[PDB]
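K.L.:
Enclosed are the sequence and the experimentally obtained structure.
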Amino acid sequence: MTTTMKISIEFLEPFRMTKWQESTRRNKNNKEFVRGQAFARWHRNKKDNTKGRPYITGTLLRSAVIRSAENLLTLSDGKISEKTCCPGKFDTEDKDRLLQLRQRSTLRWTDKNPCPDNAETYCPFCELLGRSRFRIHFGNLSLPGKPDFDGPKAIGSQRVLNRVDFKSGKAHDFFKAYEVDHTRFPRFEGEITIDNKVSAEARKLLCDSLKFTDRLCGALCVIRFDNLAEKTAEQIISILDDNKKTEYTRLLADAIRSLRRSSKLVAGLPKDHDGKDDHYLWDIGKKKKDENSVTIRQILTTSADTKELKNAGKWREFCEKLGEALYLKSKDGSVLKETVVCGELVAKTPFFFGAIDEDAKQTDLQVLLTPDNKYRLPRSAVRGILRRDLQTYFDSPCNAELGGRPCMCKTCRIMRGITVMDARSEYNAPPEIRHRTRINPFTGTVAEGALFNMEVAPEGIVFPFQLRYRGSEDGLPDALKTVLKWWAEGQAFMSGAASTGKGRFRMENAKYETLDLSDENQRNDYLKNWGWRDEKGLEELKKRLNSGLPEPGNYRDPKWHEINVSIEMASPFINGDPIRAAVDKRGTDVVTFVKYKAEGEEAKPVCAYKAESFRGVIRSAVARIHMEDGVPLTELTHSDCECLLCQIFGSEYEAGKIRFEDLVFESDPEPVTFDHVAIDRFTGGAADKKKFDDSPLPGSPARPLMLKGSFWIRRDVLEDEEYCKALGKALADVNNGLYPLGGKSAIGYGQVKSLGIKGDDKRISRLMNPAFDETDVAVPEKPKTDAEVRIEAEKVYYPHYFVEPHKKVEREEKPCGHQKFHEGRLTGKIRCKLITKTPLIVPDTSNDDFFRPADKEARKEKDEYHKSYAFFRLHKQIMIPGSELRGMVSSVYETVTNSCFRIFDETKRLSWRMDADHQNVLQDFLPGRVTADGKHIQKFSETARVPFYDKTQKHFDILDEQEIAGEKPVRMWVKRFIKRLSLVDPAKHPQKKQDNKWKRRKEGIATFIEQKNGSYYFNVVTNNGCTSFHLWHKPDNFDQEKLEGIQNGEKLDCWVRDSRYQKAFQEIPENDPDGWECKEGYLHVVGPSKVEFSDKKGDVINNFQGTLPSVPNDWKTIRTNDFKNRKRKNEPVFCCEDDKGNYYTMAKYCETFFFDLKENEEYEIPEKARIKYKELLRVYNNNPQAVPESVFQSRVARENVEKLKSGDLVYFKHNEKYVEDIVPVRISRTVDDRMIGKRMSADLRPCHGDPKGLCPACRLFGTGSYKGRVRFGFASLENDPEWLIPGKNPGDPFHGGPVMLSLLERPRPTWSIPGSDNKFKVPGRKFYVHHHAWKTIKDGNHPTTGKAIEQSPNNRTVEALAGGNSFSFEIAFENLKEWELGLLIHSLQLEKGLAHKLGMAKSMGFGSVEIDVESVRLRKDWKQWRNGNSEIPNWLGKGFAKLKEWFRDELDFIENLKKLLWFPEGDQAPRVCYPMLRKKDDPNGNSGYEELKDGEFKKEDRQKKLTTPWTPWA
RNA sequence: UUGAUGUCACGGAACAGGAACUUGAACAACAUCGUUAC
């Protein structure tokens, strides 16, 4: 009696799902239950557990079909086939039921009786409505297989929705709702049961009503009927716990996260600046110990091929899930026609669609993606943007509140017939991240940890598009043909960070159509194939569409206006990006910003200049101009007031009216690399020995590096006359030269040359008119000097001459601040003109071996060679960087004003060497040994030396190898004294006995039992017959008159003397079995040390015999070859040489034997005495001057000992229960306790942060946490080069020939601080002196000797300029006080006799420049620039009346500075050169170093004969 | 896994704000080794 109907709906768009509720709050009063009534539901079996499946109710489908049929019945006047329907009844007297009512103004037709329930045949509409177990029953709809998922977060993910205001366009209350994806759950199934006694055509109405409905729950439907990442995540917490670097993790949470593009990106991580496989973050926490220590470049290479993380589908998720771990640690009518507008819209700029699901944070800003990582733009965004672009056509913001009778304004009648689809973008590449800091407007440096990220989607993504509007008006309404034309121009600002230039789509290749539904032949063809919503129907409809969008009727002037921007630079450029600096290949420290654009399926890079950076520059430029009742706009809070910044650029309570965009370079620029270094002040050399580089884009004055972009100002900001002025003013400054664009501007990066905008009918480009003063005054000349020295000939001088500072550094002024331009100070530019007078060198260290021979293979693998350089060129245009001209002027400006040492290495404690001859200090070392634990030393009593390496005895074999290392005590036979004879007491008084040594002789009986070959044996008693001995007298030419005849029993009166003799032997000497004890103690050898190797065949080696032997492979084998003193068999040697042509010599034929340990007398090793020994072992091994062999090397350097053990012997030094110094051998180097930083004063150490204050040369040039008020610039050559030595080939005067320099080895700070105790402070600042010694290098000689220099792999072959070249550069300053400008001009131009010095190899004669300050122009208001060249003689005179208030009359350091900058003017040849070591090895014979440590520069005349500048060394 | 005589949720832009900036001449001379003799 009943029939069935099996239907199934399919979705074409992600539908929406509501939340589960407890089954008592499903009432009418629950505010959240309604508002989710129209969404698909979620039913969980076993209540109190989130496990179930999604299901769609049936009453909802019923209401949708009722609405569709009610709509379809008014298109045909209320007739299905032949009979007519009744208006239907929708009344009820039970209002407490019916949880929700209808508020819709139901469509009308055929007003007549609604045929009340007292009838027996209703109108078919009342049959479908179900008026009187049911008549037509609607069954539920759920998934086909009825599966059972485990929660609402298993099928689709929740996200938040929005509701913005219109006037102040930010936002208000929000709401959230799930949304299941339609490509993983696209089908539902159910059933409708129909009685038989309903009708024969109500079924027809029902089928048509089904085919006419299209949306159920926020989607377009068509109803049809017939684990390495878990082990790695914490393994790299242990490698950070194995150190104390926890500030280096927020960046490692980001550098690895960016590897989610491809796997091959990890096989190219960078390496050290030298090239070894070491870094500062890819090799955190790895030492020599444990070679098997897995390193981060290895635990990532052991994740690239593991069969689970091979393909990118899981590789990307691997990095995403690994990076999220290292951050939680760092946290704590009957007219109706339907229009079909198809087409597509592409993205012209990177867009951003906000999607915060629940936590998702890790960046606190993410983009909206599909479940399989394709980009998508919702339909809620498109609809909310159409509403905004409609409320702008009209001038009426819709005031519809939430709830109630539907609104009826002009724009809510057009938003009631719109239907929009979604998009997928079919590109699925991962998004990139964009950092965005915030700069403190008081110090030019980033604020307190203000740094937050965001990720953006690429540009060039093609989305599909489709739209439909069905209504009464013929075709589209007037207010919708203009909006689509706005979007056709390219002004579709869809969503994202608008104020930074995000998404701007442009509708391409539009079409349209117009179907009519009020007829009866077209409508049936509309219902036949389900409109044209499906995939097949859309393609078939895509061949009936007439190209071209229609034309509007009332156009109304889009609300944004594009303004162009074009910028020319003249210098390099760099915009920082730190994370690319970590994962790159080259390994440079800081790199430039680069962005990718999606070509359509792949990504390619382009250099650019961010839009946030450009927004910030202009925003800060506008801020300093404005006064705003005294206090400027750079200190306000922007809370509830209308600023002039708070109105153009917006704030947190509204939105701005200007949208900047990225700027591109309109060429093909390629980065370069520039090395840098820090030149220490005292002992001028590379501090810390490490360099640091950066990669800018190469600008020039000939190739000016164009930039071109755009930005969009609103319409009603242009028309005003107050904001356009405030934008023209602050663009006229950006044009004049202030506000450099980019990074390291202090050394000349950025420095915009021009800026010209257009597209504003000269409404803004009206205050950018330049007007330059031209009062032509000549610059005053440099005053004549008075510092006179008296240089005579035939006397040689020295090249360093430190400058003793004063002792009062003034740090009592509060820094100014880079906010509003202060009024008492100056701001402008200086144009200089540098001219060299002695060949200059500035090397281009991009490549070595520039001076290469012809046809020679490049290199092989890893080898040393002759490094040949070239002059510094940028674009085949000889220049000089700004970092060179900054460190030259700053080091002279900070000594004129006597300020804090700006860079000075406060580490590297010093180490002198023991005094060889001095026995007063080399006596207090009391041999001992550290105890069983490394905490105490138990001394010894006395020592004696046991001979080895000789040809008398054997000790190498007959002793075992467990006691020649000093851990098994050994019995030995000592002899504290030896007994010397004499037999003629009165026959030696004149010929000897004049030396107070024969003061203990007692008696003697010349017994005799054996006569040797040349010896006379004697068994003589000493006192009375109780104590005798055996010994062998060495006869002389005064005894054979008393030993003229032997009788084997003679007796004669002789004499015995007891002499000092300290030796020890194994058992007993063969020659003398006299009184010898047998004591007990350890024994240690330090090996066969004390070698004196050379190449010149000294006196001892030339006193050999012939065929000198080779060097042995290992010791325990070395013996003695010859004697030093050959008359008496005294101190032996060992003379040998290898085949390389190198000669050795070897003393030390003995080793010391300890004995007589003393217990219950020990001392403690504190931690202070532990640093000195940890340090001393560093200096033995890393010795470039060490022996080329290793047999002759000492024990500590040979065995690479790195710390003191338990069972080892040392030579400690102590007092009162504490030890102070340890030393491995008898004579070896000491180390002071304090570091080198504590030898200066307390006010001369480098300036710290902020009280203490800031030294004066810290307030002009910057520091950390303060920005410098002076910028330099690249200097460029203007005449022709005029090389020093003619080039290899004539014709081209742009390449010079090479010259060969000398050694130039490192500077030693012990020749200046030779003492150690308390009175050896640090001298001044090491200024080199001016002279002419390059006339000798140019010929190829040596500055000290006269010999020629032969090339060796430690000297460079540079090309240099000559005397008589000119350069030009600029110096831009701001906020300088009046007197600081005086001393800066003083430090630039010196008096007429003086000269600066820059370059390389200036210890010889190389590099002498002098500067002449030309035109100086100031700046007073944004209009005029006041060429104030005629006021210098007041600044020069007011900067010298300040140096007289600080240091009243004690300016004697300035007259010592002025004697080092003195130039040898004419007919003077001051000969300066470094002394050699010995006098015997230089042909001139000028008293080398060994004769200088006694005599003139002994040890108390070195901090006095190195401070007075021009001291004649001779 | 609802209910029937009544659901404008295609009835609601996760929007608004923030300069990866500051500091640094690619430069450079005095030694290294341990004891030997009485």
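P.N.:
Everything's here; your move. Numbering: from 1, shown residues only, chains lettered A, B, ... in the order given.
K.L.:
and the gap between residue A:1061 and residue A:1272?
P.N.:
Counting by Cβ to Cβ, to the nearest Å, the gap from residue A:1061 to residue A:1272 is 74 Å. Where C-beta positions appear, they are placed from N, C-alpha and C, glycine not excepted.
K.L.:
swap that for residue A:434, please
P.N.:
31 Å.
K.L.:
higher neighbour count, those two?
P.N.:
Neighbours were counted for residue A:434 and for residue A:1272 using other Cβ atoms under 10 Å; residue A:1272 has more, 24 against 20.
K.L.:
Just give the closest residue to that one, not the sequence neighbours.
P.N.:
residue A:882 (3.9 Å; Cβ to Cβ, 6 or more residues apart in numbering).
K.L.:
ok, the one you found touching residue A:1276?
P.N.:
No: using Cβ atoms under 8 Å, residue A:882 is not in contact with residue A:1276, being 11.3 Å away.
K.L.:
Check chain A for its longest strand and report it.
P.N.:
strand A:970-982 (DSSP state E).
K.L.:
starting at the chain centroid, how far to it?
P.N.:
69 Å (Cα atoms, centre = their mean, to the nearest Å).
K.L.:
again with stretch A:655-664
P.N.:
29 Å.
K.L.:
Can you give the contact residues for it?
P.N.:
Stretch A:655-664 has contacts (Cβ atoms under 8 Å, 6 or more residues apart in numbering) with A:168-170, A:349, A:493, A:498-501, A:560, A:565, A:567, A:595, A:606-611, A:614-615, A:618, A:647-650, A:707-714, A:717.
K.L.:
give me the subset of these touching RNA strand B.
P.N.:
Contacts with RNA strand B within the contacts of stretch A:655-664, as defined by Cβ under 7 Å from any atom of the strand: A:169, A:170, A:493, A:498, A:499, A:500, A:610, A:615, A:649, A:650.
K.L.:
Quick check on the residues you listed: which are buried?
P.N.:
Among these, those scoring as buried are A:493, A:498, A:499, A:500, A:610, A:615, A:649, A:650 (criterion: 16 or more other Cβ atoms under 10 Å).
K.L.:
Have a look at residue A:882 and residue A:1276 and say which one is more surrounded.
P.N.:
Applying other Cβ under 10 Å to residue A:882 and residue A:1276 shows that residue A:882 carries more neighbours, namely 25 against 17.
K.L.:
Report the contact partners of that one.
P.N.:
Taking Cβ under 8 Å, 6+ apart, one finds A:747, A:748, A:1272, A:1273, A:1274, A:1275, A:1369 in contact with residue A:882.
K.L.:
ok, now how distant is the residue nearest to residue A:1272 from residue A:1273?
P.N.:
On the measure of Cβ to Cβ, residue A:882 and residue A:1273 end up 5 Å apart.
K.L.:
now do residue A:983
P.N.:
Residue A:983 is 94 Å from residue A:1273, by Cβ to Cβ.
K.L.:
out of those two, which sits in the more crowded spot?
P.N.:
Per other Cβ under 10 Å, whichever of residue A:983 and residue A:1273 has more neighbours is residue A:1273, with 24 against 21.
K.L.:
Please verify my assumption that that one contacts residue A:569.
P.N.:
No: the criterion here is Cβ under 8 Å, and residue A:1273 misses it with residue A:569 at 12.0 Å.
K.L.:
Give me the common contacts of the two.
P.N.:
Counting by Cβ under 8 Å, 6+ apart, the residues touching both residue A:1273 and residue A:569 are residue A:751.
K.L.:
hmm, back to that, going by distance to residue A:698, which of the buried ones among the ones next to RNA strand B among the contacts of stretch A:655-664 wins?
P.N.:
residue A:610 (19.9 Å; Cβ to Cβ).
K.L.:
what's near enough to touch the closest one?
P.N.:
With contact taken as Cβ under 8 Å, 6+ apart, residue A:610 is in contact with A:434, A:575, A:593, A:662.
K.L.:
cool, and residue A:604?
P.N.:
A:596, A:597.
K.L.:
What of residue A:581?
P.N.:
A:588, A:589, A:590, A:591.
K.L.:
hmm, 6 Å instead?
P.N.:
Contacts for residue A:581 (Cβ atoms under 6 Å, 6 or more residues apart in numbering) come out as A:590, A:591.
K.L.:
Pull the number of nearby residues for residue A:37.
P.N.:
13.
K.L.:
now swap in the one 3 residues further on and tell me
P.N.:
Under the neighbour criterion other Cβ under 10 Å, residue A:40 is assigned a count of 26.
K.L.:
Pretty sure it sits against residue A:55.
P.N.:
No: in this structure, residue A:40 is not within contact of residue A:55 by Cβ atoms under 6 Å, at 7.5 Å.
K.L.:
Doesn't residue A:482 lie inside a helix?
P.N.:
Yes: assignment of residue A:482 by DSSP: H, G, I helix; E, B strand; the rest coil places it within a helix.
K.L.:
Can you classify the residue lying closest to it once chain neighbours are set aside by secondary structure?
P.N.:
The shortest distance from residue A:482 to any non-neighbouring residue, by Cβ to Cβ, 6+ apart, is to residue A:552 (4.4 Å). Under three-state DSSP, residue A:552 falls in the coil class.
K.L.:
try residue A:1152
P.N.:
Relying on three-state DSSP, one would call residue A:1152 strand.
K.L.:
partners of it in the sheet?
P.N.:
According to DSSP bridges, the partner residues bridging residue A:1152 are residue A:945.
K.L.:
Hmm, it is touching residue A:946, no?
P.N.:
No: at 7.5 Å, residue A:1152 does not count as touching residue A:946 under the criterion of Cβ under 6 Å.
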